[PDB]
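Q:
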Amino acid sequence: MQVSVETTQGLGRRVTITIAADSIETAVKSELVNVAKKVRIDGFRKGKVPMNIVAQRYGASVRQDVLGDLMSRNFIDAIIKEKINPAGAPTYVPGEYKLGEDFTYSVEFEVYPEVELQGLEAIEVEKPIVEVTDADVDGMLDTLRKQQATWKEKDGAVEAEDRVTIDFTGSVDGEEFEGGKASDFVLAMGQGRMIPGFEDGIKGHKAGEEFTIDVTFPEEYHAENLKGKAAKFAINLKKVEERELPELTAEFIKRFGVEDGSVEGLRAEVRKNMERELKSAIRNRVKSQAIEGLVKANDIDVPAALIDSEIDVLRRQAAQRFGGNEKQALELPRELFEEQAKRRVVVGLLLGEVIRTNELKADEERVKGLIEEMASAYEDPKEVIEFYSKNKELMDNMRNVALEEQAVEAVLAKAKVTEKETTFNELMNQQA
Amino acid sequence: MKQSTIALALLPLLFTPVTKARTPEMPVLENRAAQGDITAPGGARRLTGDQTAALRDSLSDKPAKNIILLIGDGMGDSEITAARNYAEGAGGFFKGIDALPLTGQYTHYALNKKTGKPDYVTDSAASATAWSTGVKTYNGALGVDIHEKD
Numbered sequence: 001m002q003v004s005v006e007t008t009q010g011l012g013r014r015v016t017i018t019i020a021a022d023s024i025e026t027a028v029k030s031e032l033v034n035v036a037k038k039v040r041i042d043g044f045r046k047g048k049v050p051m052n053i054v055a056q057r058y059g060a061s062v063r064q065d066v067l068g069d070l071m072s073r074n075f076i077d078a079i080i081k082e083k084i085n086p087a088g089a090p091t092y093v094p095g096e097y098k099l100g101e102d103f104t105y106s107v108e109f110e111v112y113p114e115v116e117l118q119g120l121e122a123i124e125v126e127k128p129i130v131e132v133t134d135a136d137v138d139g140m141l142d143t144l145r146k147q148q149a150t151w152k153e154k155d156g157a158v159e160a161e162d163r164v165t166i167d168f169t170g171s172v173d174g175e176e177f178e179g180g181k182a183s184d185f186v187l188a189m190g191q192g193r194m195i196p197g198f199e200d201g202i203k204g205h206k207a208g209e210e211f212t213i214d215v216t217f218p219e220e221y222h223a224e225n226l227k228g229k230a231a232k233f234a235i236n237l238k239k240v241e242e243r244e245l246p247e248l249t250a251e252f253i254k255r256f257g258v259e260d261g262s263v264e265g266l267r268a269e270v271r272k273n274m275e276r277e278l279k280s281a282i283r284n285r286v287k288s289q290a291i292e293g294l295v296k297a298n299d300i301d302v303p304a305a306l307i308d309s310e311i312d313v314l315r316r317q318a319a320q321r322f323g324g325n326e327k328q329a330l331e332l333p334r335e336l337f338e339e340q341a342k343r344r345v346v347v348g349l350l351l352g353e354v355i356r357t358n359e360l361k362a363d364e365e366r367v368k369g370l371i372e373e374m375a376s377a378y379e380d381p382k383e384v385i386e387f388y389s390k391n392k393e394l395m396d397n398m399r400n401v402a403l404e405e406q407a408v409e410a411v412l413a414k415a416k417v418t419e420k421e422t423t424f425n426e427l428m429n430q431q432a
Numbered sequence: 001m002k003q004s005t006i007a008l009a010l011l012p013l014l015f016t017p018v019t020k021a022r023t024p025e026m027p028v029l030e031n032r033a034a035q036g037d038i039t040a041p042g043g044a045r046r047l048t049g050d051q052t053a054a055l056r057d058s059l060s061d062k063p064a065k066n067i068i069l070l071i072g073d074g075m076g077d078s079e080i081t082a083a084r085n086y087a088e089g090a091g092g093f094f095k096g097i098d099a100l101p102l103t104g105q106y107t108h109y110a111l112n113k114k115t116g117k118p119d120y121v122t123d124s125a126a127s128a129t130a131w132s133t134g135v136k137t138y139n140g141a142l143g144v145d146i147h148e149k150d
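Protein chains in written order, with PDB author numbering: chain A, 1 to 432; chain B, 1 to 150.
1) Comparing C-alpha positions only, which one of A:216, A:192, A:175 and A:163 sits nearest to residue 184 of chain A?
2) Once the 5 residues before and after residue 352 of chain A are set aside, which same chain residues still bring their CB inside 8 angstroms of it?
3) Three or more C-beta pairs under 8 angstroms: does that hold for the region 46-57 of chain A against the region 116-127 of chain A?
4) Are the CB atoms of residue 69 of chain A and residue 105 of chain B within a distance shorter than 8 angstroms?
5) For the beta strand (DSSP E) that contains residue 105 of chain A, what are its first and last residues?
6) Beta-carbon of residue 344 of chain A versus every beta-carbon of chain B: anything under 8 angstroms?
7) Closer than 9 angstroms between beta carbons: that is the criterion. Which residues of the region 87-111 of chain B meet it against chain A?
8) How is the alpha helix (DSSP H) around residue 26 of chain A delimited, first residue to last?
9) Applying a beta-carbon distance threshold of less than 9 angstroms, which residues of chain A neighbour residue 19 of chain B?
10) Just the chain A side, please: which residues come within less than 9 angstroms of residue 1 of chain B by C-beta, in chain order?
11) Alpha carbon to alpha carbon, how far is residue 345 of chain A from residue 306 of chain A? Give it in angstroms, no decimals.
12) Beta carbons nearer than 7 angstroms to chain B: which residues of the region 243-260 of chain A have them?
13) Could you tell me the distance, in whole angstroms, from the CA atom of residue 142 of chain B to the CA atom of residue 254 of chain A?
14) Measuring CB atoms only, is the region 145-161 of chain A touching the region 198-211 of chain A, in the sense that at least three cross pairs come out at less than 8 angstroms?
15) Taking the alpha carbon of residue 153 of chain A as the reference point, which residue from A:207, A:337 and A:364 has its own alpha carbon closest?
16) Say whether chain B places a C-beta atom closer than 8 angstroms to the C-beta of residue 205 of chain A.
17) Just the C-alpha distance for residue 148 of chain A and residue 214 of chain A, rounded to the nearest angstrom, thanks.
18) With DSSP run on the structure shown, which of helix, strand or coil describes residue 51 of chain B?
19) Is the shortest distance between the beta-carbon of residue 170 of chain A and the beta-carbons of chain B less than 8 angstroms?
20) For chain A, find out if any of its Cβ atoms is closer than 8 angstroms to the Cβ of residue 146 of chain B; answer yes or no.
21) Using the Cβ count rule (16 or more neighbours within 10 Å means buried), how would you classify residue 191 of chain A?
22) Residue 389 of chain A by DSSP, collapsed to three states: which one?
23) Would residue 286 of chain A pass as an interface residue toward chain B - the criterion being a Cβ-Cβ separation below 8 angstroms?
24) Could you name the residues of the same chain whose beta carbon sits closer than 7 angstroms to that of residue 8 of chain A, not counting the 5 residues immediately before and after it, in chain order?
25) What residues in its chain sit with their C-beta under 7 angstroms from that of residue 248 of chain A, if we drop five residues either side in the sequence?
26) Among A:284, A:177 and A:188, whose alpha-carbon lies nearest the alpha-carbon of residue 231 of chain A?
27) Quick check: what's the CA-CA separation for residue 48 of chain B versus residue 56 of chain B?
28) Alpha carbons only, please: which of A:429, A:407 and A:28 is nearest the one belonging to residue 60 of chain A?
29) At a cut of 8 angstroms, does the region 131-140 of chain A reach the region 264-272 of chain A through at least three beta carbon pairs?
30) Measure from the C-beta of residue 6 of chain B to each C-beta in chain A and report whether the shortest distance is under 8 angstroms.
31) Please go through the region 65-150 of chain A and give each complete alpha helix (DSSP H) segment of 4 or more residues, from N-terminal end onward.
32) So, with DSSP's three-state summary, where would you put residue 219 of chain A?
33) If the criterion is Cβ atoms closer than 8 angstroms, does the pair residue 228 of chain A and residue 217 of chain A meet it?
34) For the beta strand (DSSP E) containing residue 232 of chain A, list its first residue and its last residue.
35) Using DSSP's beta-bridge definition, name the partner residues of residue 421 of chain A.
36) By the three-class DSSP mapping on this structure, what secondary structure does residue 355 of chain A have?
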């Protein structure tokens with residue numbers, strides 16, 4: 001087998017294979033007897049026409065399909081004996097097929113660069129032991145009751161978490177500008193949509209007040225000479241409205257779906273649900289910082305195949321949410337995702353190398369722990385266990401994720417993984 | 001107010017307009033389980049909704065003469081297929097079983113297709129959540145969906 005390899009497109013090596021005329025002539029003739037047996041022409045063969053004659057004349061049509069077949073079978077033949085580690089779509093640049101001469105063609109295919117795993121000590125991870133108490137579950141339930149709070153008017157002392165009805169005079173340098181007021185204007189606190197500090201005046205007065213506060217504009221204000229400029233606002237605070245922490249009635253408790261819809265039942269049920277979500281959240285916490293640090297420790301330029309596979313996945317994932325319109329995905333540029341797509345594949349190669357190097361397999365006690373801790377949310381998860389035993393495509397994937405988790409922990413073994421006993425709302429970053 | 005000389009015309013200084021545009025009629029009250037939404041009758045079929053509008057002849061035809069059939073929602077369940085149709089949570093994701101679908105058996109190119117932060121949405125939002133007692137919180141339909149399938 002005559003081949004001429006030249007490293008052209010970096011990882012893309014051009015193994016210019018030359019399939020001999022006899023190899024082609026044999027394979028076309030071998031294909032024609034396959035067609036003859038299929039269509040039963042082999043039985044209708046009178047044997048007065050020699051097979052070399054039908055090979056060149058009638059097999060002239062089939063020459064093309066046999067060439068492409070041979071290119072694929074000479075590719076896999078080549079990479080094994082040449083000890084090459086291939087990658088990408090093998091760019092079969094097909095040279096001119098001279099009928100009777102050799103078919104030369106340049107197979108430009110990429111290679112997999114094996115992952116030079118450097119010091120995993122460079123990785124720094126945090127393991128925050130999130131503790132929960134009755135004050136934490138009740139305080140969180142209080143926050144949820146403030147999300148679902150029925151707001152209603154009151155009169156007298158305003159507080160710093162209310163919303164009110166004012167009527168202000170918008171002024172700069174004490175000069176009221178036109179458009180620059182708002183009458184019966186309902187202003188709410190905490191929300192950083194307004195001017196920073198503008199809510200301040202409201203939060204420390206009565207529902208029968210009129211006063212002018214000194215508050216500075218935002219630097220996000222659409223006037224340079226006015227952005228972060230100290231302005232005057234004659235806040236006519238005419239009403240104040242307070243939230244009502246809703247009724248802790250057992251029927252209201254279970255309205256959310258609290259199956260144990262009692263008071264201590266609300267606290268207990270939401271607690272055991274908190275820990276079950278926090279189980280997966282703490283796993284994702286330590287894992288995400290592991291992966292962050294892993295790639296922060298390690299760099300590899302991946303062949304175009306895997307990156308562009310992830311590009312296409314991310315294009316569909318994006319366009320799905322970006323309208324969901326007909327196939328808009330396929331037009332999104334490589335550079336739209338290239339950095340983070342490469343990053344995704346880099347992790348896949350890092351952990352793939354951890355699997356190979358450390359001979360790290362999916363451990364059945366880790367599959368045990370994973371299934372049971374996930375299904376611990378259920379009292380009797382017959383659905384889950386039976387779905388494994390009746391769908392091995394997910395059951396092996398249960399071992400694949402367990403494989404990846406053990407991979408991460410084997411990397412954590414070398415990594416600077418600090419640990420601390422932290423407050424409840426640590427991983428619970430979003431309350432509003 | 002709309003002119004060059006600031007005057008909050010280039011940026012409304014008050015960011016809560018309201019303007020009594022749909023003063024709490026329907027944008028205030030939750031319809032609970034979609035009484036007048038999704039299809040039209042949230043529970044029964046009724047069929048007398050369009051009666052006063054024009055006609056009572058379902059709508060046109062569609063599978064099973066539209067969704068006006070009195071009784072027979074469990075198109076499976078009788079033999080063994082479905083077993084319990086939707087099973088409260090409509091399958092959903094976790095109420096089903098699944099934790100990561102994808103197409104790659106023994107792959108490691110997963111990671112970022114559930115991260116939340118610049119990849120999906122949010123960072124767990126594990127502030128309680130709770131009370132996920134099944135609950136039909138995802139799509140629940142049959143007969144004909146997407147390009148004409150059951």
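Backbone N, C-alpha and C define an ideal beta-carbon position, used for all residues, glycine too.
A: So, from the data block:
1) A:163
2) 115
3) no
4) no
5) 103-111
6) yes
7) 87, 94, 95, 96, 97, 98, 99, 100, 101, 102, 104, 105, 106, 107, 108, 109, 110 and 111
8) 21-38
9) Chain A residues near residue 19 of chain B: none, gap ~10 angstroms exceeds 9 angstroms.
10) 178, 179 and 180
11) 7 angstroms
12) 256, 257, 258 and 259
13) 29 angstroms
14) yes
15) A:207
16) no
17) 34 angstroms
18) coil
19) yes
20) no
21) exposed
22) helix
23) no
24) 14 and 108
25) 263
26) A:177
27) 6 angstroms
28) A:28
29) yes
30) yes
31) 134-147
32) coil
33) yes
34) 230-235
35) A:129
36) helix
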